[PDB]
Each structure stands twice: as structure tokens, then as C-alpha cells.
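Accompanying notes for the structure given below.
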């Protein structure tokens, strides 16, 4: 209505006129007013006025919150100490107290670093718990620990909405927009409320992120207390890293209450369900071994047929197609074909001894060295195959234990903080053989042993490989694959200053500066650190044409989750190294049609290194439209690397470190075929 | 920089726009013009020579006609096919489940689920040819939309693209054959086949040449061609044996029940009132396709949306039905 009767009531500054006029404003305050509260120019005198002064503060914060104010709205409430499903409380509490306490917690959170804001935050916490509008009062009260008592104060019955919604979007925006320590608060407090609640597998992902030994204990006594089994053993062994399965088998071997978690703690019970169920319900066609094993020649496509042959591990015909197939094969193919028996015998532990024994202690050194490589690939928890490769260990020039050191130390790194493998690896790195893959599989071995360690120890292991890395400045491939293992030890954390320690004791000529930028690659697994994204764009134009490839190749690891920002204008540039950066930065994801388009444009190229590098990620990202790119390569080629690599693309076609290390080691294929002898022993495949 | 800005003498004032005929492996190509001047000069930079697709307009000069570069130029190719994946699947329409599983089973067996296709050893890479009496893209695109779920698609609507220009010939069919060659996992869809129904002497020879190149005399199993016309009597009997060789089916008359199902599908997502009857809607119609009922569902949702409401009343849907009653009678 008109302001004729009530307009001359706010002008008198008398106490009774306020103590009866203000209750009328609380009565008519159900919808605020008839208009946008144009009475500011008349109540700004009441601003100076003060019996029921808390009501004057309430109406004052009501009108100042009604039109506009940045700091003066929550002052009448922090001084008021409010004591005096409708529309009134919804309007003055929900939105006005939402933005009100939001800007109070923002101003008091950014300006100063008492308890009045905590009382306001708990009061609004309870009132909005009554309002029952989730994720909005939550999405505003994220930045104010108080979040622990907030979640344990709120997570009592509402589990699906706060867990699913709050944990989903707050976890996504907690790895995207929230820094590390508050994410650690998400991990600990989520361990609390999720420990008191159900849905153990999400707490198991909280063990994939926490990597704590208590979570697996409480979830094994609680998952053991709450009665399938082999399946949660399967993804139990998949989600766990290198540390907590060794520690898990030592604490379960310390308790030995049932030994079923000891049985599930190893690779045996993750493979005994899969192999028979896979051979039974699936039937692969024989035209791939029969044809892809027939169009091979030139002693390289036949190697691609040893890899496609290694795809089997149903049909074991091409495996058992007589003998002399390895005898006709050359060294580059004697090692790969020697490891083919290891790729095809991932299961059948007892049969592996009687299948590889025929090639053990043979006449050719590479047959038995690749046979020990096979013995290391076939198993990872049996540990009863290492002895006739750890025994000798004494060549110092060449006595078949350097190649057996390649296959056995690499396969042992795949299947090995074990002290009595590194006490023996000390003369391995200290040997300094001219063979690149000695320090290659050594740094990759101890590196894959040191993944997820105690925050990346900087002991005399990586200090020793750094001193002996800078021992001699020859064969820079050593400087290309030693930062592989160095980064494998630096991997697992981003905030560590150990990368700056490498910036202290490592910085030198651009060789060890490329080592330092590799430590920069693997020491930034990913967080909200866009400073390294603008720094990435800044150092993106460096003259050195390899730290662009690796330091810019880190893109697929840094933003591996938010895949909407990963596509950029890297393909629109003119440097072929950048085209390689995007081409490798595609990844092994589900392979949407946009990625297939990026391979439809990146595929057509003239350089054999890029045309050789495109089918790897093209066929890794798609594991209908599978045979079209193969026909495209048949139309382009019809060199040797394109044909062997396209048959290897027939192999590929049809957050753990095990799926990250192999291809990152494979990023140095632009060299002699010695690297292609380590290409055949990748473990990132599924 | 100077080597990039030194070839400006060739692309300067003495410059012309010619028409290239073909590219010779001897690095000297043959061009043409209004009088057909054939000049062969060794190629230069700025040219691609692979994606150039000879037979188009290129850049010439008043000089000895050394090719200094190329200039690309066809908007009609863009409106040929759609590159999106519509959500309309084979399970969104009913009544013709056998009629849709005949084409789904016909062209979804090659290149997909191949154990019933490559083990037999037949490979008839010709595909079925259908025809819809209502047509207007609704029935023929509602049958062809089954292949559009997860696959590359190729669409050709109307014979106007041949008749809207001079008699260039089957070169456009060769463009569809090379883009289909580079896009083998696709489905060729020819819609609104009215070449002979709409010089006229050249239409018959480019249609018989369309039958020649469509037969695939030199190519193996590469793509499944699905043709779709409106009247089966317009096509000559010669376009059958070299054309439809796999299978064909007939479409029933959409009088009351097929229009009731089309009305249900077009009114499944929308919200209508309780008093909205169906007998008058399936009674007032007479030989109508789905484009006009979709048009009155669109203007009915917008007209009812004028009052900021999503519910379509009966009087407003009859007021929109007057557009159906008038349009077919006009």
C-alpha cells in the first residue's frame, strides 16, 4: 500500500516510536517491502539512532543487505548476536544471510588471518541445514578445521546427497579450484564421515589418494566384518599402489588371521578369475594371427607379429607354431621374440618354468637373457625365478649377466623399497657399461621401485645415479633415461621442494637442465597450480627442442582429469615438435570423435618419426572405426617403421604409475633400434 | 623472408585465373581456359598437388604460365551430408519393428558384428533401396536414422544438385565416390530421387552413368549405398538389376494408426492437456507426413509457450491443427 501512514513513523527518533514501529517492519518484512526499499535516505538518520537497539541493527542490516553494501551489512549481526518454512526466515536468512555470511567469511578470511565468525558460521550452518538446499550454502561455505566439524556436524543421515553431490562437485572443484591442504582436509574428514558410513570403494579411492596404511586396515576389518570377494580383491589389487601392497602383505602376514587378504594381496588372485572367464565367454578370431601372421616379412613385420603374438596374454596356435621361428630371427627380434614367451604366459605360473626352461642356459646369450626377461615378466609376486640371474652378477665387461641384467633387472623392476635388491644394484649402476639399457633398465628398475615412496627420498640411490650421471658427458641417452627414474622417484607429489633441490645441485649445461625439466615434469603430477600453466606458456618458446617436447608433454599428466582444457592450438603452430607434443598429449582415453579428428589431421604427415608416432596414441586411445585408420596407413604407405608400426597398431586396436611409466619411457623412440628392444616389454597395456 | 617475397613478380600484374584439367606425374600439368589453352610448366611452391582435386579453377598468368599457387573456392557440398549424431535411435519408433530390423539387419551386419557377415563369404556391398509414400525426410530419415546412431553418415537429398547447373556430368558423383572412398565406414543415402521425373537428354545419360559408377565395377566392398525415392514408377526398369540387388520392402498406408504412432512420438516429450482428444486429430488428417505435424507441434509449443506455459490445451492444438487442415488443401 501507500507509505502515507507508515512513512512519518521512522522519522521520530524516540524510543517508543522505534520499539513499536520496528515490530511493524518485522510484520511487513515477510516480503521485504512493497518496493526496492527506497527509504534509505530517511533511515540513514535512524543509522545514527539507537530501547530495542538490536531491532534497529536487524532492520539496518536488512536494508543495507537489501540495496547494497560490501562490509557494513554483517557488522550489525556480529555486534547484534541474534536473539530476537515461512517466507520471512527464508528471505532474510536464506539469500540475505547466504550472501551476508558469505561476504563476512570472505572479508574476514582474506583480510585477517575471533569466534564471532565461527558462531555465525555454525548458526547459518544449522539454519541452512533446516533450509535443506544442498551444494549452494555448501558451495559458499567451502572456503572456510571448521569444515571437519561442519561435515561431521552435517553428515548424519543425508549420505547420497552430500556424499554424491558434495563429494562429486566439491571433489572435482577441489582438485580443480581448491589447493592441496584443503584437499587433504577432504581426505581426512572424508575418511572420518566415510569411515562412519557405507560405500567402502569410494574410501578405497580415498586410499588411492591418501596412500595411508590405516585406511586399508580399518576397511579390511570392516569389509571383513561386513560379509563378492574375488572382485573386490581384483580392484582392491588394482587400486593399491606399490607401497601399500608390500606393506599390506607384511601387515597381513603379521596378523595372519585368515590369509585371504594375503592371497588377494598378490597377482595370483587378480589373474586366476580373469583368464578362465575371459577364455570362456570371449572367442577371438584366428584371422588376425593367420593373416597378421602371414603378411609379415623383412624381419621387422615379423617382430610386429611377435607383438601381435604377445597380445594373447584364448588361441595359442601362433605361439606353438613349431620352432626355428626365433632361430630365423635376428638379435633385434631375439630379445623381443624371447620376451614374447613372457608376454604370452602372464598366467600359468607352474607352466612358465617348463615352457621357458627349454630356452634357459642355451648357447645364444640373448635367448637366455630374454628368457630371464620372460621369467621376470610372467610373474611379479612369485619371487622364485630371480636366483639364476642374481647369482653371478659379476661381469664388469660382458659375461651374459649384463644382458641377463637388462632382462632380469627390468623384469624384476616390473615384478620386484627393497634393500637387498639395491645393495646388489649398486655395482649395477656403478658398472657404467657402454650399453645404454644397463642404466636404462637400472634407473627404470629402481625408479619403478621408488614410485609412491616416502615423499621421494633423496638418499645415495638417486644421489648416486646423479653423481654417476654427471660422471661422464658421453652418450647423452643416459642423460635422457636417467631422469626417467629420477622423475619416477620424484613422482607422487607436487608441492615438494625437492624439484628446487634438483635446481640447486643439478643445474648445469642444458643436458642436466633437461634433467631438471624432467624432474619438473614428473614432480608436478597435478593440482591447482596454474602458475606453472602460464609459466608453461612462457617457457613454451624455448630454443631447446627437447625440453619443449617433455616439459610441454607433461600436459597429459598435469590436466589429465579436466580434459576440456587439454585441446588447444598446438596443432596450429609450425614446429613439428609441437605437433608431437599434442600428438602424444592426446592420450589413451575413451577416444571421442574429436580425438579421432585430431588423428585425422595429425595422421597425414611426411616425417617418419611423426607418422610413426601417430598410430601409437591413435590406437591407444581406441582399444566400427577401428579398421579405417589401418586402411588409411595402407593407402599412405601402399617405410618399414610405418608397416611394422601399423601392424603394431593392429596390436593396439584389437591413477597408477604402471599405466604411466611405460610410454613415458617410450617417448625416446627417435633413435637406433635398441630402444625398440625395450618397446616390446611395455606394461601399460590392458 | 626475401625468398618468400621474391616470387611476387610471377603473382604480380601478369596474373590470371584458369581452370586446371589434370595433373601429370611428369611434374608439368595441363590447364585450360575459356578457349582451352594447354600450357605445361614445372610446378612451384605454395601448391599441394595432392588435395588439389584436379578439374577446378586455378591461378594462371600472362607469362609462360608457371603455376605460382592455387586458390580454393563449393557451398553446395556443405549442405550435402550432416556430421552430427542425432539421438533418434531405432527404438524410438514402433509398429514397423520388422520393417526397421530388415534394413538394420541389412546394413548393420557389414563392418559391424562381422561374425555373421565375413564368415559366410558373400559380401553384397550394395545395400537395400527403400521408398516412402509420405517421405519429406521424415519416414526415410526415420529409417536411415538407425545407422546414424554411432557411425559416419553420408546424405544426398534431391536431384537439384545435378540440374541447378550446366551439364558438368558425373564429376560430383566422383566427388561423393572419393569422399566415400576416404570415408569407407559410412552409409550412402540418396533422397528425393526425381532426376527423370523433373537438357533432359543429358539427365538420362548422367543417371545411367550414376548407375554405372554406383555399381562398383572396380571397387571392392567399401560402403553400403541406400537409395530412397518417393514414387517407384518414376524410376526406369533399367535402374533395378544394376541397382537394387539385395532386397526391397513396402511401406503401409499411414491413415489412422501410423499417424496415431507418429502423433504419439511427436507428443511424447511435450505435455498436453487431458481434454486433448485423438480421434479428431487422426480423423481430420488425410495423407500427411510428419513434417507438418512437427511444424504444428513446434508452433503449438511456442504458441502455448507465449503464456509462459508448457501445457498445450485442446483449443490451441486445434487452432494449430487448422494449419494442417489448410496447408494440405492449399
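Just so it is clear, chain B uses Swiss-Prot numbers, and the residues here are 93-165, 168-292, 301-432, in order.
The backbone N, Cα and C atoms fix where each Cβ goes, and this holds for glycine too.
Quick look at what Swiss-Prot annotates:
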type     : residues                                               : note
BINDING  : B:226, B:227, B:228, B:229, B:230, B:231, B:232, B:233 : ATP binding site
CROSSLNK : B:237                                                  : ubiquitin cross-link
MOD_RES  : B:258                                                  : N6-acetyllysine
Residues within 8 Å of the B:226, B:227, B:228, B:229, B:230, B:231, B:232, B:233 Cβ centre (excluding the ATP site residues themselves):
B:234, B:332, B:391, B:392
The residue listed as 'ubiquitin cross-link' versus residue B:230 (ATP binding site) - Cα distance in angstrom:
12
Between the Cα atoms of residue B:229 (ATP binding site) and the residue listed as 'ubiquitin cross-link', find the distance and write it as a whole number of Å.
11
Rounded to a whole angstrom, what is the C-alpha distance between the residue listed as 'ubiquitin cross-link' and residue B:227 (ATP binding site)?
13
Between the residue listed as 'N6-acetyllysine' and residue B:226 (ATP binding site), what is the CA-CA distance rounded to a whole number of Å?
25
Should residue B:232 (ATP binding site) be counted as helix, strand, or coil on the basis of DSSP?
helix
Helix, strand or coil at residue B:258 (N6-acetyllysine) [DSSP, three-state]:
coil
Radius 10 Å, atoms counted are CB only; among the binding-site residues B:230, B:233, which position scores highest?
B:233
Check the recorded positions B:232, B:237, B:258 for other C-beta atoms within 10 angstroms of each C-beta and report the one with the most.
B:237
Counting only residues 6+ apart in the same chain, whose Cβ is under 8 Å from the Cβ of residue B:228 (ATP binding site)?
B:356, B:389, B:390, B:391, B:392
Count, for each of the binding-site residues B:226, B:227, B:229, B:231, the other C-beta atoms lying within 10 angstroms of its own C-beta, and report the residue with the smallest count.
B:227
